[PDB]
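[1] Below you'll find the sequence and an experimental structure to go with it.
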Amino acid sequence: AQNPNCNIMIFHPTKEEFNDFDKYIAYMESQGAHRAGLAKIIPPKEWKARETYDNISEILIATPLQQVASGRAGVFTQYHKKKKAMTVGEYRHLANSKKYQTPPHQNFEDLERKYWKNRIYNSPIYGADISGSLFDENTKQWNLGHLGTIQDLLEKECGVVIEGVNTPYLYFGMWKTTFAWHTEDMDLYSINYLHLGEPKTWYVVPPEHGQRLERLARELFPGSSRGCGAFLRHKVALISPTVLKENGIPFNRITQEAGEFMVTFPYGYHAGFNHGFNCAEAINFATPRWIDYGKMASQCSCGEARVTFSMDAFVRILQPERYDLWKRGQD
Ligand SMILES: O=C(O)CNC(=O)C(=O)O
Ligand SMILES: [Mg+2]
Ligand code: NI
Ligand SMILES: [Zn+2]
């Protein structure tokens, strides 16, 4: 078995190998990359997402989210308070202000220490889940706005035509902005490209060990657990690496820098934080190997997780018994 210790793998495709997206994902899996839950892909040196970022300041962040924490430094939840709209240029100025900017630090490890020590005492503002793309339309390779769609994959594998569309989302981050422990909707893959700015640190649990994370989460968030049988779908809970280590949960960590892709694999729990002002783009995708994960994916039916139009069809076709109760949650 390849990559039996479930380490995060880093790949360096040539421009020739960067032509066929599906093929390269299958290659990475042939080397065991999926076992980690997360992989890094460094694009060929000749490749670019677009010519410059000089003209992005007038993108609107219609609903910036202030991420307010409750709990203890290593075990907390966050809620998102909606703020007034601002442009990317306004947000970047805010991120660089004395109140919100990255503190002085020695290296990524020192900054990681400061994050876990101090995150709960601040409420950074996140521009998340903004439909759109920063890839130039002429970028032919690994353009996240030109991927094959999950509906087309399901149709190719299973023969059923379904409604729904699949488009990318932009994320504008600042120091301490946080992504809670989650897997993707319907335990899909994701791909994330860091277009610009400061790094993003990731934590991930191997798919084969995901239930160990879930059992810890039920112990650490006991009222949330009683409220919903899949409360990590709410995307609100954080657990530090120190706490994971104290409880024997297998995980790995890596820092993504501007110009790099990350791929998350089906049922790979992940969480993380941004180091400073940055912009990422991400989208879900599927392969044939995903279908079995989609069939088995947990669902939130308490009503909190409330997700896309396109997830309907996935539940209806892959999980017809759940369909009924899940849609009661979504209506
Ligand atoms: O970058 C972020 O804030 C969150 N991204 C992801 O969870 C992803 O790409 O799967
Ligand atoms: Mg603009
Ligand atoms: Ni994700
Ligand atoms: Zn729920």
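    Happy to help now that I have it. Residues are numbered from 1 along each chain as shown. Ligands and ions are numbered 1, 2, ... in the order given.
[2] Do you have the helices of this structure handy? List them.
    Counting by DSSP state H, the segments of the chain that form helices are 21-30, 88-95, 108-118, 150-158, 210-220, 222-227, 241-246, 290-296, 311-318, 323-329.
[3] for those, which one sits closest to residue 38?
    helix 21-30 (11.2 Å; CB to CB). Every residue, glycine included, has its C-beta placed from N, CA and C.
[4] contacting residues around that closest one?
    2, 9, 11, 13, 17-18, 34, 39, 41, 141-142, 147-148, 189, 263, 287, 289 (CB atoms under 8 Å, 6 or more residues apart in numbering).
[5] cool, and stretch 302-315?
    With CB under 8 Å, 6+ apart, stretch 302-315 has contacts from 150-151, 154, 162-166, 185-186, 227-228, 230-231, 233-235, 294, 299, 322-323, 326-327, 329-330.
[6] how distant is it from the center of its chain?
    17 Å (CA atoms, centre = their mean, to the nearest Å).
[7] quick one: is that stretch near ligand 4?
    Yes - contact of stretch 302-315 with ligand 4 (CB under 5 Å from the ion) involves 302, 304.
[8] For residue 110, give its distance to ligand 2.
    Distance, residue 110 to ligand 2, by CB to the ion, to the nearest Å: 34 Å.
[9] Residue 173 too?
    Per CB to the ion, residue 173 is found 18 Å from ligand 2.
[10] Quick check: that residue vs ligand 1, distance?
    7 Å (CB to the nearest ligand atom, to the nearest Å).
[11] tell me the contacts of that residue?
    Going by CB under 8 Å, 6+ apart, the list of residues near residue 173 reads 95, 126-127, 197-198, 200, 274, 276-280.
[12] Can you tell me the closest non-neighbouring residue to residue 56?
    Leaving aside its chain neighbours, residue 56 sits nearest to residue 88 (5.5 Å; criterion: CB to CB, 6 or more residues apart in numbering).
[13] just the buried members of the contacts of stretch 302-315?
    Listed as buried from the contacts of stretch 302-315 are 150-151, 154, 162, 166, 185-186, 228, 230-231, 233-235, 294, 299, 322, 326, 329-330; burial here means 16 or more other CB atoms under 10 Å.
[14] Done for today, thanks.
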